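So this one's work12.csv, CSV, C-alpha atoms (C1' of nucleotides) and all ligand atoms:
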chain,number,residue,atom,x,y,z
Q,1,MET,CA,97.4,-68.8,-21.2
Q,2,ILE,CA,101.1,-68.0,-20.9
Q,3,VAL,CA,102.9,-68.3,-17.6
Q,4,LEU,CA,106.4,-67.0,-16.9
Q,5,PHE,CA,108.2,-68.5,-13.9
Q,6,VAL,CA,111.2,-66.8,-12.3
Q,7,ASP,CA,113.7,-68.6,-10.2
Q,8,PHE,CA,116.8,-66.8,-8.6
Q,9,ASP,CA,120.1,-68.7,-9.0
Q,10,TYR,CA,121.9,-70.2,-6.0
Q,11,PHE,CA,120.1,-67.3,-4.2
Q,12,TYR,CA,121.5,-67.1,-0.7
Q,13,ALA,CA,125.0,-67.6,-1.9
Q,14,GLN,CA,124.6,-65.1,-4.8
Q,15,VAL,CA,123.3,-62.5,-2.4
Q,16,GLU,CA,126.5,-63.0,-0.3
Q,17,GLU,CA,128.5,-62.5,-3.5
Q,18,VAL,CA,126.7,-59.3,-4.3
Q,19,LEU,CA,127.4,-58.0,-0.8
Q,20,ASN,CA,131.1,-58.9,-1.1
Q,21,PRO,CA,132.1,-59.3,-4.8
Q,22,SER,CA,135.5,-60.6,-3.9
Q,23,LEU,CA,133.7,-63.9,-3.3
Q,24,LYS,CA,132.6,-64.2,-6.9
Q,25,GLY,CA,134.5,-67.0,-8.7
Q,26,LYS,CA,135.3,-68.8,-5.4
Q,27,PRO,CA,133.3,-71.7,-3.9
Q,28,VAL,CA,130.7,-70.3,-1.5
Q,29,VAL,CA,128.9,-72.3,1.1
Q,30,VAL,CA,126.0,-70.7,3.1
Q,31,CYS,CA,125.4,-72.8,6.2
Q,32,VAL,CA,123.1,-73.1,9.2
Q,33,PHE,CA,125.2,-73.8,12.3
Q,34,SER,CA,123.3,-75.9,14.9
Q,35,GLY,CA,125.9,-75.1,17.7
Q,36,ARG,CA,126.1,-78.7,18.9
Q,37,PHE,CA,129.8,-79.1,18.0
Q,38,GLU,CA,132.5,-77.7,15.8
Q,39,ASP,CA,130.8,-77.0,12.4
Q,40,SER,CA,127.7,-79.0,13.3
Q,41,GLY,CA,124.9,-78.2,10.9
Q,42,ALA,CA,123.8,-78.4,7.3
Q,43,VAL,CA,124.4,-76.4,4.1
Q,44,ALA,CA,121.5,-74.1,3.2
Q,45,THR,CA,123.0,-73.7,-0.3
Q,46,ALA,CA,126.2,-73.2,-2.3
Q,47,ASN,CA,127.2,-71.5,-5.5
Q,48,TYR,CA,128.0,-73.5,-8.6
Q,49,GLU,CA,131.7,-73.3,-8.0
Q,50,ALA,CA,131.0,-75.5,-5.0
Q,51,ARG,CA,128.3,-77.7,-6.5
Q,52,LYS,CA,130.5,-79.0,-9.2
Q,53,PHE,CA,132.3,-80.9,-6.4
Q,54,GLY,CA,129.3,-82.3,-4.6
Q,55,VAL,CA,128.7,-79.5,-2.1
Q,56,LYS,CA,125.0,-78.7,-2.0
Q,57,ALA,CA,121.9,-78.0,0.1
Q,58,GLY,CA,121.3,-80.7,2.7
Q,59,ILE,CA,124.7,-82.2,3.2
Q,60,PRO,CA,126.4,-81.8,6.7
Q,61,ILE,CA,128.7,-78.9,7.0
Q,62,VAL,CA,131.4,-81.3,8.2
Q,63,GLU,CA,131.1,-83.3,4.9
Q,64,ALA,CA,131.4,-80.2,2.8
Q,65,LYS,CA,134.6,-79.2,4.5
Q,66,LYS,CA,136.2,-82.6,3.8
Q,67,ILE,CA,135.6,-81.9,0.1
Q,68,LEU,CA,136.2,-78.2,-0.1
Q,69,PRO,CA,138.3,-77.4,3.0
Q,70,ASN,CA,139.3,-74.1,1.4
Q,71,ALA,CA,135.9,-72.8,0.3
Q,72,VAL,CA,134.3,-69.8,2.0
Q,73,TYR,CA,131.8,-70.8,4.7
Q,74,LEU,CA,129.2,-68.3,5.6
Q,75,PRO,CA,126.4,-68.3,8.3
Q,76,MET,CA,123.0,-68.0,6.7
Q,77,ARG,CA,121.4,-64.5,7.0
Q,78,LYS,CA,117.8,-65.2,6.0
Q,79,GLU,CA,116.7,-61.7,6.9
Q,80,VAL,CA,119.1,-60.0,4.5
Q,81,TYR,CA,118.0,-62.4,1.7
Q,82,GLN,CA,114.4,-61.8,2.5
Q,83,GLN,CA,114.7,-58.1,2.0
Q,84,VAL,CA,116.7,-58.5,-1.3
Q,85,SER,CA,113.9,-61.0,-2.4
Q,86,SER,CA,111.2,-58.5,-1.7
Q,87,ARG,CA,112.8,-55.8,-3.8
Q,88,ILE,CA,113.0,-58.3,-6.6
Q,89,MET,CA,109.4,-59.3,-6.3
Q,90,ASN,CA,108.4,-55.6,-6.5
Q,91,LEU,CA,110.3,-55.4,-9.8
Q,92,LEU,CA,108.4,-58.3,-11.2
Q,93,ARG,CA,105.1,-56.7,-10.1
Q,94,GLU,CA,105.6,-54.0,-12.7
Q,95,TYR,CA,105.3,-56.7,-15.3
Q,96,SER,CA,102.0,-58.2,-14.1
Q,97,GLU,CA,99.1,-57.7,-11.6
Q,98,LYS,CA,98.7,-61.4,-11.5
Q,99,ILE,CA,101.7,-62.8,-9.6
Q,100,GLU,CA,102.2,-65.8,-7.3
Q,101,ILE,CA,105.2,-65.5,-4.9
Q,102,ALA,CA,105.8,-69.2,-4.2
Q,103,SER,CA,108.9,-69.0,-2.0
Q,104,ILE,CA,111.7,-66.6,-1.2
Q,105,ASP,CA,113.2,-67.0,-4.7
Q,106,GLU,CA,110.4,-68.3,-6.9
Q,107,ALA,CA,107.5,-66.5,-8.5
Q,108,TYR,CA,105.0,-67.0,-11.3
Q,109,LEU,CA,103.7,-64.2,-13.5
Q,110,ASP,CA,100.5,-64.6,-15.5
Q,111,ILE,CA,101.5,-62.6,-18.6
Q,112,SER,CA,98.5,-63.8,-20.7
Q,113,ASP,CA,97.6,-60.1,-21.3
Q,114,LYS,CA,100.9,-58.3,-21.6
Q,115,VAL,CA,102.2,-60.7,-24.3
Q,116,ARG,CA,100.6,-62.2,-27.4
Q,117,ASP,CA,102.8,-65.2,-28.0
Q,118,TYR,CA,106.0,-67.1,-26.9
Q,119,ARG,CA,108.3,-64.8,-28.9
Q,120,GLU,CA,107.0,-61.7,-27.1
Q,121,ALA,CA,107.0,-63.8,-23.9
Q,122,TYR,CA,110.6,-64.7,-24.4
Q,123,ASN,CA,111.6,-61.1,-25.1
Q,124,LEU,CA,109.8,-60.2,-21.9
Q,125,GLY,CA,111.8,-62.8,-20.2
Q,126,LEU,CA,115.1,-61.4,-21.3
Q,127,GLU,CA,113.8,-57.9,-20.4
Q,128,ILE,CA,113.1,-59.2,-16.8
Q,129,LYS,CA,116.4,-61.0,-16.4
Q,130,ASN,CA,118.3,-57.9,-17.5
Q,131,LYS,CA,116.2,-55.6,-15.4
Q,132,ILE,CA,116.9,-57.7,-12.3
Q,133,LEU,CA,120.6,-58.1,-13.1
Q,134,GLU,CA,121.0,-54.3,-13.6
Q,135,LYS,CA,118.9,-53.2,-10.6
Q,136,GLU,CA,120.0,-55.9,-8.1
Q,137,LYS,CA,122.9,-57.6,-9.9
Q,138,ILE,CA,121.3,-60.9,-9.4
Q,139,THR,CA,121.0,-63.5,-12.2
Q,140,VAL,CA,117.8,-65.5,-12.4
Q,141,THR,CA,116.3,-68.3,-14.6
Q,142,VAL,CA,113.1,-67.7,-16.5
Q,143,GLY,CA,110.8,-70.6,-17.5
Q,144,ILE,CA,107.9,-70.1,-19.9
Q,145,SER,CA,105.0,-72.2,-20.9
Q,146,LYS,CA,101.2,-73.0,-20.9
Q,147,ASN,CA,100.8,-73.4,-17.1
Q,148,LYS,CA,102.7,-73.1,-13.8
Q,149,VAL,CA,104.0,-76.7,-13.7
Q,150,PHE,CA,105.6,-76.5,-17.2
Q,151,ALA,CA,106.9,-73.0,-16.5
Q,152,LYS,CA,108.7,-74.4,-13.5
Q,153,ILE,CA,110.0,-77.5,-15.4
Q,154,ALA,CA,111.1,-75.0,-18.1
Q,155,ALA,CA,113.3,-73.2,-15.5
Q,156,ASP,CA,114.7,-76.4,-14.1
Q,157,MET,CA,116.0,-77.4,-17.5
Q,158,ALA,CA,117.5,-74.0,-18.1
Q,159,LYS,CA,119.4,-73.2,-14.9
Q,160,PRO,CA,121.5,-71.5,-14.1
Q,161,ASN,CA,121.2,-68.0,-15.6
Q,162,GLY,CA,119.0,-69.3,-18.4
Q,163,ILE,CA,115.6,-68.7,-20.0
Q,164,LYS,CA,113.4,-71.3,-21.9
Q,165,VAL,CA,110.1,-71.7,-23.5
Q,166,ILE,CA,108.3,-75.1,-23.6
Q,167,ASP,CA,105.8,-74.7,-26.5
Q,168,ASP,CA,102.7,-76.9,-26.8
Q,169,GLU,CA,104.7,-79.2,-29.1
Q,170,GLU,CA,107.3,-80.0,-26.4
Q,171,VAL,CA,104.7,-80.1,-23.7
Q,172,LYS,CA,103.3,-83.2,-25.5
Q,173,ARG,CA,106.7,-84.8,-26.0
Q,174,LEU,CA,107.5,-84.2,-22.3
Q,175,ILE,CA,104.3,-85.8,-21.2
Q,176,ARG,CA,105.7,-88.9,-22.9
Q,177,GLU,CA,109.4,-88.4,-22.5
Q,178,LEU,CA,109.8,-86.6,-19.1
Q,179,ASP,CA,110.7,-88.8,-16.1
Q,180,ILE,CA,107.6,-88.6,-13.8
Q,181,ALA,CA,110.1,-87.9,-10.9
Q,182,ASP,CA,111.2,-84.6,-12.5
Q,183,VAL,CA,107.5,-83.4,-12.2
Q,184,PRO,CA,107.0,-80.8,-9.4
Q,185,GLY,CA,105.2,-82.3,-6.5
Q,186,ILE,CA,106.7,-85.7,-7.0
Q,187,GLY,CA,109.3,-86.4,-4.3
Q,188,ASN,CA,111.3,-89.6,-3.6
Q,189,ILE,CA,108.4,-91.3,-1.8
Q,190,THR,CA,105.8,-90.6,-4.5
Q,191,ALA,CA,108.3,-91.4,-7.3
Q,192,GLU,CA,108.9,-94.8,-5.8
Q,193,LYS,CA,105.2,-95.6,-5.3
Q,194,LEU,CA,104.8,-94.8,-9.0
Q,195,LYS,CA,107.7,-97.0,-10.1
Q,196,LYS,CA,105.9,-100.0,-8.5
Q,197,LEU,CA,102.8,-99.2,-10.5
Q,198,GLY,CA,105.0,-99.1,-13.6
Q,199,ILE,CA,104.4,-95.4,-14.1
Q,200,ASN,CA,107.8,-93.8,-15.2
Q,201,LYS,CA,106.4,-91.1,-17.5
Q,202,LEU,CA,103.4,-88.8,-17.1
Q,203,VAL,CA,101.4,-90.6,-19.9
Q,204,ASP,CA,101.6,-93.9,-18.0
Q,205,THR,CA,99.0,-92.4,-15.6
Q,206,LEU,CA,96.4,-93.0,-18.2
Q,207,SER,CA,96.9,-96.8,-18.6
Q,208,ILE,CA,96.0,-97.2,-14.9
Q,209,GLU,CA,92.6,-97.4,-13.3
Q,210,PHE,CA,92.1,-94.1,-11.5
Q,211,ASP,CA,90.9,-95.7,-8.2
Q,212,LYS,CA,94.1,-97.8,-8.0
Q,213,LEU,CA,96.2,-94.7,-8.4
Q,214,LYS,CA,94.1,-92.9,-5.8
Q,215,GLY,CA,94.6,-95.7,-3.4
Q,216,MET,CA,98.4,-95.6,-4.0
Q,217,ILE,CA,99.2,-91.9,-4.0
Q,218,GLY,CA,95.9,-90.3,-2.9
Q,219,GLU,CA,93.1,-88.6,-5.0
Q,220,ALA,CA,94.5,-85.1,-5.0
Q,221,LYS,CA,97.9,-86.3,-6.3
Q,222,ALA,CA,96.2,-88.7,-8.7
Q,223,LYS,CA,93.9,-86.0,-10.3
Q,224,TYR,CA,97.0,-83.8,-10.4
Q,225,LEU,CA,99.2,-86.1,-12.5
Q,226,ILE,CA,96.2,-87.1,-14.7
Q,227,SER,CA,95.3,-83.6,-15.7
Q,228,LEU,CA,98.9,-82.9,-16.6
Q,229,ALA,CA,99.2,-86.1,-18.6
Q,230,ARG,CA,96.0,-85.2,-20.5
Q,231,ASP,CA,97.4,-81.6,-21.1
Q,232,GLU,CA,94.5,-80.2,-19.2
Q,233,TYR,CA,96.2,-78.9,-16.1
Q,234,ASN,CA,95.6,-75.2,-15.5
Q,235,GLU,CA,95.6,-73.7,-12.0
Q,236,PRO,CA,95.5,-69.9,-11.9
Q,237,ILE,CA,98.2,-67.6,-10.5
Q,238,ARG,CA,97.1,-66.3,-7.1
Q,239,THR,CA,98.8,-64.4,-4.3
Q,240,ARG,CA,99.2,-66.9,-1.4
Q,241,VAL,CA,98.5,-65.7,2.1
Q,242,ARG,CA,100.6,-66.7,5.2
Q,243,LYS,CA,98.6,-69.2,7.2
Q,244,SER,CA,101.2,-70.1,9.9
Q,245,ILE,CA,104.3,-68.7,11.5
Q,246,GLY,CA,106.6,-70.8,13.7
Q,247,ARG,CA,110.2,-71.4,14.6
Q,248,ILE,CA,112.1,-74.6,15.6
Q,249,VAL,CA,115.6,-74.6,17.1
Q,250,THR,CA,118.2,-77.2,18.0
Q,251,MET,CA,119.4,-77.9,21.5
Q,252,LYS,CA,123.1,-78.4,22.3
Q,253,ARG,CA,122.3,-81.9,23.8
Q,254,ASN,CA,119.3,-84.2,23.2
Q,255,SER,CA,117.0,-84.2,26.3
Q,256,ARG,CA,113.9,-85.3,28.1
Q,257,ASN,CA,114.2,-82.8,31.0
Q,258,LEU,CA,111.3,-80.3,30.9
Q,259,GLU,CA,113.4,-77.6,32.6
Q,260,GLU,CA,116.3,-78.2,30.2
Q,261,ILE,CA,113.9,-77.8,27.2
Q,262,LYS,CA,111.7,-74.9,28.2
Q,263,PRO,CA,114.3,-72.2,27.4
Q,264,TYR,CA,114.7,-73.3,23.8
Q,265,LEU,CA,110.9,-73.5,23.6
Q,266,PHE,CA,110.2,-70.1,25.0
Q,267,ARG,CA,112.9,-68.7,22.8
Q,268,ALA,CA,111.1,-70.1,19.8
Q,269,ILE,CA,107.8,-68.7,21.0
Q,270,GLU,CA,109.3,-65.2,21.4
Q,271,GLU,CA,110.8,-65.2,17.9
Q,272,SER,CA,107.5,-66.5,16.6
Q,273,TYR,CA,105.6,-63.7,18.2
Q,274,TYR,CA,107.9,-61.0,17.1
Q,275,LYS,CA,107.3,-62.3,13.6
Q,276,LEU,CA,103.5,-62.7,14.0
Q,277,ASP,CA,103.5,-58.9,14.2
Q,278,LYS,CA,99.9,-57.7,14.7
Q,279,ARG,CA,98.7,-61.1,13.6
Q,280,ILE,CA,96.7,-63.1,16.2
Q,281,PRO,CA,96.6,-66.9,16.1
Q,282,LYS,CA,93.9,-69.1,17.5
Q,283,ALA,CA,96.0,-72.2,17.2
Q,284,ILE,CA,99.3,-73.4,18.6
Q,285,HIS,CA,101.4,-76.5,18.0
Q,286,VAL,CA,104.5,-77.7,19.8
Q,287,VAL,CA,106.8,-79.6,17.4
Q,288,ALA,CA,109.6,-81.9,18.5
Q,289,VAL,CA,112.2,-83.6,16.4
Q,290,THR,CA,113.1,-86.9,18.2
Q,291,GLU,CA,116.7,-88.1,18.6
Q,292,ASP,CA,116.1,-90.5,15.7
Q,293,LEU,CA,115.0,-87.6,13.5
Q,294,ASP,CA,111.3,-88.3,13.7
Q,295,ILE,CA,108.8,-85.4,14.0
Q,296,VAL,CA,106.1,-85.4,16.7
Q,297,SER,CA,103.6,-82.6,17.4
Q,298,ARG,CA,100.8,-81.7,19.9
Q,299,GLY,CA,98.5,-78.7,19.5
Q,300,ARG,CA,95.3,-77.0,20.4
Q,301,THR,CA,92.9,-74.6,18.7
Q,302,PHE,CA,91.2,-72.0,20.9
Q,303,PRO,CA,87.8,-70.3,20.3
Q,304,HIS,CA,89.6,-66.9,20.4
Q,305,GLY,CA,93.1,-65.5,19.7
Q,306,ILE,CA,96.1,-66.5,21.8
Q,307,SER,CA,97.9,-64.0,24.0
Q,308,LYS,CA,101.6,-64.5,24.6
Q,309,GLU,CA,101.1,-65.5,28.2
Q,310,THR,CA,98.5,-68.1,27.1
Q,311,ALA,CA,101.1,-69.3,24.5
Q,312,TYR,CA,103.8,-69.8,27.1
Q,313,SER,CA,101.4,-71.6,29.4
Q,314,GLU,CA,99.8,-73.8,26.8
Q,315,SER,CA,103.0,-74.8,25.1
Q,316,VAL,CA,104.4,-76.3,28.2
Q,317,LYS,CA,101.4,-78.5,28.6
Q,318,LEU,CA,101.8,-79.7,25.0
Q,319,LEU,CA,105.5,-80.4,25.5
Q,320,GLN,CA,104.6,-82.4,28.6
Q,321,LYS,CA,102.0,-84.3,26.6
Q,322,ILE,CA,104.7,-85.0,24.1
Q,323,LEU,CA,107.2,-86.4,26.7
Q,324,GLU,CA,104.4,-88.4,28.3
Q,325,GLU,CA,103.3,-90.1,25.1
Q,326,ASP,CA,106.8,-90.6,23.5
Q,327,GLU,CA,109.7,-92.1,25.4
Q,328,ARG,CA,112.4,-90.9,23.0
Q,329,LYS,CA,114.7,-87.9,23.7
Q,330,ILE,CA,114.2,-84.6,21.9
Q,331,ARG,CA,116.7,-83.2,19.5
Q,332,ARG,CA,114.9,-80.1,18.1
Q,333,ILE,CA,112.0,-78.3,19.8
Q,334,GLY,CA,109.7,-75.6,18.5
Q,335,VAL,CA,106.2,-74.0,18.0
Q,336,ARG,CA,103.9,-73.1,15.2
Q,337,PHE,CA,101.0,-70.6,15.4
Q,338,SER,CA,98.1,-70.7,12.9
Q,339,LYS,CA,94.4,-69.9,12.3
Q,340,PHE,CA,94.9,-66.2,12.4
Q,341,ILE,CA,91.8,-64.1,13.3
V,1,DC,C1',126.6,-86.2,10.5
V,2,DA,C1',121.5,-84.2,8.7
V,3,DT,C1',119.2,-76.7,9.4
V,4,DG,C1',115.2,-75.0,8.5
V,5,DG,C1',109.8,-72.5,7.1
V,6,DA,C1',105.4,-73.6,5.6
V,7,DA,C1',101.5,-75.4,2.5
V,8,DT,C1',98.6,-79.0,1.5
V,9,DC,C1',96.9,-83.3,1.7
V,10,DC,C1',95.7,-88.0,4.1
V,11,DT,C1',93.6,-90.7,8.3
V,12,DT,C1',91.4,-91.1,12.2
V,13,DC,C1',88.4,-89.7,15.3
V,14,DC,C1',84.3,-87.0,17.1
V,15,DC,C1',79.7,-84.3,17.3
V,16,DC,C1',75.4,-84.4,15.4
V,17,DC,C1',71.2,-84.2,12.4
S,1,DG,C1',75.3,-91.5,5.5
S,2,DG,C1',77.5,-87.3,5.4
S,3,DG,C1',78.6,-82.2,6.7
S,4,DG,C1',82.2,-79.7,9.7
S,5,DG,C1',86.1,-79.7,12.3
S,6,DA,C1',90.2,-80.6,14.9
S,7,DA,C1',94.5,-83.7,15.6
S,8,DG,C1',98.6,-85.8,14.4
S,9,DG,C1',101.3,-87.1,10.6
S,10,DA,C1',103.0,-87.7,5.6
S,11,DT,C1',105.2,-85.4,1.8
S,12,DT,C1',107.1,-81.7,-0.9
S,13,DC,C1',109.6,-77.6,-2.1
N,401,LIG,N1,117.9,-77.5,3.0
N,401,LIG,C1,117.8,-76.2,3.0
N,401,LIG,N2,118.0,-75.5,4.2
N,401,LIG,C2,117.9,-74.1,4.2
N,401,LIG,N3,117.7,-73.3,3.1
N,401,LIG,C3,117.5,-74.1,2.0
N,401,LIG,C4,117.5,-75.4,1.9
N,401,LIG,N4,117.3,-75.9,0.6
N,401,LIG,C5,117.1,-74.8,0.0
N,401,LIG,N5,117.2,-73.6,0.7
N,401,LIG,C6,117.0,-72.3,0.1
N,401,LIG,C7,118.2,-72.4,-0.9
N,401,LIG,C8,118.0,-71.3,-1.8
N,401,LIG,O1,118.8,-70.1,-1.5
N,401,LIG,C9,116.5,-71.1,-1.7
N,401,LIG,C10,115.9,-72.2,-2.7
N,401,LIG,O2,116.2,-72.2,-4.1
N,401,LIG,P1,116.7,-73.7,-4.6
N,401,LIG,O3,117.0,-74.1,-3.2
N,401,LIG,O4,115.4,-73.9,-5.2
N,401,LIG,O5,117.7,-72.9,-5.4
N,401,LIG,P2,119.2,-72.4,-5.2
N,401,LIG,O6,119.0,-70.9,-5.5
N,401,LIG,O7,120.0,-72.6,-4.0
N,401,LIG,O8,119.6,-73.2,-6.5
N,401,LIG,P3,119.8,-72.9,-8.0
N,401,LIG,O9,121.3,-72.8,-8.4
N,401,LIG,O10,118.9,-73.7,-8.9
N,401,LIG,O11,119.4,-71.4,-8.2
N,401,LIG,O12,115.9,-72.0,-0.7
N,402,CA,CA,116.6,-71.1,-7.1
N,403,CA,CA,113.6,-72.1,-6.3
N,404,CA,CA,111.6,-84.9,-7.8
Could the structure of this file be written out as structure tokens, please?
Amino acid sequence: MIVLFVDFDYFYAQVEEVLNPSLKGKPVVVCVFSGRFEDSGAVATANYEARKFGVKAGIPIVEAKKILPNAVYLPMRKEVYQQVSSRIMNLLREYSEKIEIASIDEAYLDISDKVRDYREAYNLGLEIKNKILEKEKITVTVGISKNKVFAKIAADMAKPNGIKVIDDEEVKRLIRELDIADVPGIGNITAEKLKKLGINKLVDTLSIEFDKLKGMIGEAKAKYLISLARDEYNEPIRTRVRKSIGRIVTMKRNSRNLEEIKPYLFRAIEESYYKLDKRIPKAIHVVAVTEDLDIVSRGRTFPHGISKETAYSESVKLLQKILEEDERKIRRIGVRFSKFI
DNA sequence: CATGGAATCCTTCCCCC
DNA sequence: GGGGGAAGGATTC
């Protein structure tokens, strides 16, 4: 079992560099403008020239400007990045029938057949990086190992523009040496819960009664960490299928006024439908981001598919249910359609 | 100050043999 | 007691 993970470098920003090479070498910040006030919004991502100074995904645009007032600030163009991503996925396809597209810039390839060992896997890695750089002029990081998780960890250690194999020998030393937090699927909240139980490295998950772990982080997450710690984790590479499509936008001013909100809501529904394209959902959920950044949602599943008129109609009742049961003002409003026929 | 899409898993019901 | 689902939320990438 040999898995090869591919991760495109500072992707959105690198695509902007490819489309305007004069940007290369300069700090580039791709941002999502929320239109509330001058430069309100967050950074979707930045190239390494910008990251070396603290500008990265998640910080407020305003804060990035105080640090790199002279960098190049660009509005995110998801659509353009999606199309460049697709072309890249199709390149990888020619290297394996078994491929899992995990996100817009992450993909796992099950090359258990194509290759016979890590050397031939590595060489296939270089061949892929080179093919993608030549065809699309986009640099990527390849991670190679026994399963998906270590393949990903491999890439994280080797970025940017790297390639790395984590052989069975290192897998074991990592199970003992690797900080539990650097394990995929372990965010801040779960890392903390684990600290309290005294688990700082994967192996530590064995010196704890399972049921106590289950109680603390849940069974699914418990079984997950244990199988990795025992070097027995092995989920197959499968193509994932879209299960929900939705869109959430930001209002210029927080509100509680139904008529002031509807517009942004219908706007989200429209965009969501244009994207559903031929797909018919039986479920709808209205999502609201409260003024204190909390997330509330009300939804309903129908016994048949939802027409756009039914969506408009039903979404307003759900938004009203939200306002009725929560007294806080709304900052962001949106919808999500799921359970496709 | 703090955008945004989406999967999966966890609880709490609820209907019902 | 437990299958079968739907809701609302927690958590992660
Ligand atoms: N907070 C965010 N808001 C919007 N888009 C985001 C956000 N965080 C990440 N993205 C995008 C950023 C990337 O272009 C793409 C994710 O890849 P990651 O974010 O994993 O890598 P990156 O390509 O920006 O970093 P790296 O230098 O490791 O390649 O998802
Ligand atoms: Ca990346
Ligand atoms: Ca990635
Ligand atoms: Ca982490």
**Request:** Place a sphere of radius 12 Å on (104.2, -88.8, 14.1) in the file coordinates and name every protein, DNA or RNA residue with an atom inside or on its surface, counting only C-alpha atoms (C1' of nucleotides); give the answer as a list in words.
**Result:** residues 287, 288, 289, 290, 293, 294, 295, 296, 297, 298, 322, 325 and 326 of chain Q; 7, 8, 9 and 10 of chain S
**Message:** Using all atoms listed in the file and a distance of at most 12 Å, pull out the residues of chain V that contact chain Q, as JSON, numbers by chain.
**Reply:** {"V": [1, 2, 3, 4, 5, 6, 7, 8, 9, 10, 11]}
**Message:** Can you work out which residues are within 12 Å of ligand CA 402 (chain N), considering only C-alpha atoms (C1' of nucleotides) and all ligand atoms, and then hand them over as number ranges by chain?
**Reply:** Q: 5-15, 44-48, 57, 85, 102-107, 138-143, 152, 155-156, 158-162; S: 13
**Request:** Grab the atom CA of residue 2 of chain Q to atom CA of residue 237 of chain Q distance for me, in Å with one decimal place.
**Result:**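 These two atoms are separated by 10.8 Å.
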**Request:** For each of Q:190, Q:70, Q:90, Q:130, take the minimum atom-to-atom distance to ligand CA 404 (chain N), counting all atoms listed in the file, then give the residue where this is smallest.
**Result:**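 Closest to ligand CA 404 (chain N), using all atoms listed in the file: Q:190.
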Taking the block just given, write segment 193-209 of chain Q to a file that holds N, CA and C atoms, as a PDB file, in the first residue's frame.
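Wrote it out as part_25.pdb, contents follow:
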ATOM      1  N   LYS Q 193      -8.037  18.899  24.502  1.00  0.00           N
ATOM      2  CA  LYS Q 193      -8.655  17.821  25.258  1.00  0.00           C
ATOM      3  C   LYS Q 193      -7.643  16.711  25.496  1.00  0.00           C
ATOM      4  N   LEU Q 194      -6.784  16.468  24.506  1.00  0.00           N
ATOM      5  CA  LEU Q 194      -5.778  15.414  24.607  1.00  0.00           C
ATOM      6  C   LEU Q 194      -4.646  15.759  25.572  1.00  0.00           C
ATOM      7  N   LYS Q 195      -4.300  17.043  25.643  1.00  0.00           N
ATOM      8  CA  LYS Q 195      -3.255  17.523  26.548  1.00  0.00           C
ATOM      9  C   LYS Q 195      -3.660  17.177  27.987  1.00  0.00           C
ATOM     10  N   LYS Q 196      -4.907  17.485  28.329  1.00  0.00           N
ATOM     11  CA  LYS Q 196      -5.422  17.208  29.660  1.00  0.00           C
ATOM     12  C   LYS Q 196      -5.313  15.733  30.018  1.00  0.00           C
ATOM     13  N   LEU Q 197      -5.502  14.850  29.044  1.00  0.00           N
ATOM     14  CA  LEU Q 197      -5.398  13.417  29.312  1.00  0.00           C
ATOM     15  C   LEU Q 197      -3.925  12.988  29.302  1.00  0.00           C
ATOM     16  N   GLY Q 198      -3.029  13.941  29.073  1.00  0.00           N
ATOM     17  CA  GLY Q 198      -1.615  13.627  29.052  1.00  0.00           C
ATOM     18  C   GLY Q 198      -1.123  12.989  27.765  1.00  0.00           C
ATOM     19  N   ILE Q 199      -1.925  13.062  26.708  1.00  0.00           N
ATOM     20  CA  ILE Q 199      -1.555  12.495  25.415  1.00  0.00           C
ATOM     21  C   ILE Q 199      -0.961  13.596  24.525  1.00  0.00           C
ATOM     22  N   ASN Q 200       0.358  13.573  24.325  1.00  0.00           N
ATOM     23  CA  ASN Q 200       1.024  14.589  23.499  1.00  0.00           C
ATOM     24  C   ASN Q 200       1.622  13.990  22.233  1.00  0.00           C
ATOM     25  N   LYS Q 201       1.646  12.665  22.177  1.00  0.00           N
ATOM     26  CA  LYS Q 201       2.196  11.945  21.041  1.00  0.00           C
ATOM     27  C   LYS Q 201       1.238  10.812  20.754  1.00  0.00           C
ATOM     28  N   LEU Q 202       1.121  10.427  19.492  1.00  0.00           N
ATOM     29  CA  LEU Q 202       0.217   9.349  19.119  1.00  0.00           C
ATOM     30  C   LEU Q 202       0.272   8.124  20.033  1.00  0.00           C
ATOM     31  N   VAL Q 203       1.472   7.620  20.297  1.00  0.00           N
ATOM     32  CA  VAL Q 203       1.627   6.431  21.134  1.00  0.00           C
ATOM     33  C   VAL Q 203       0.853   6.522  22.449  1.00  0.00           C
ATOM     34  N   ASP Q 204       0.891   7.692  23.082  1.00  0.00           N
ATOM     35  CA  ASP Q 204       0.193   7.898  24.346  1.00  0.00           C
ATOM     36  C   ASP Q 204      -1.253   7.415  24.346  1.00  0.00           C
ATOM     37  N   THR Q 205      -1.845   7.286  23.164  1.00  0.00           N
ATOM     38  CA  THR Q 205      -3.233   6.850  23.051  1.00  0.00           C
ATOM     39  C   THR Q 205      -3.434   5.388  23.417  1.00  0.00           C
ATOM     40  N   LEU Q 206      -2.340   4.694  23.689  1.00  0.00           N
ATOM     41  CA  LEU Q 206      -2.420   3.286  24.043  1.00  0.00           C
ATOM     42  C   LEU Q 206      -2.416   3.085  25.560  1.00  0.00           C
ATOM     43  N   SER Q 207      -1.801   4.022  26.278  1.00  0.00           N
ATOM     44  CA  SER Q 207      -1.724   3.958  27.736  1.00  0.00           C
ATOM     45  C   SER Q 207      -2.948   4.608  28.395  1.00  0.00           C
ATOM     46  N   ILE Q 208      -4.063   4.641  27.673  1.00  0.00           N
ATOM     47  CA  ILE Q 208      -5.296   5.226  28.186  1.00  0.00           C
ATOM     48  C   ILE Q 208      -6.425   4.250  27.914  1.00  0.00           C
ATOM     49  N   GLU Q 209      -7.326   4.098  28.877  1.00  0.00           N
ATOM     50  CA  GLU Q 209      -8.453   3.203  28.688  1.00  0.00           C
ATOM     51  C   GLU Q 209      -9.248   3.776  27.530  1.00  0.00           C
TER      52      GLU Q 209
END
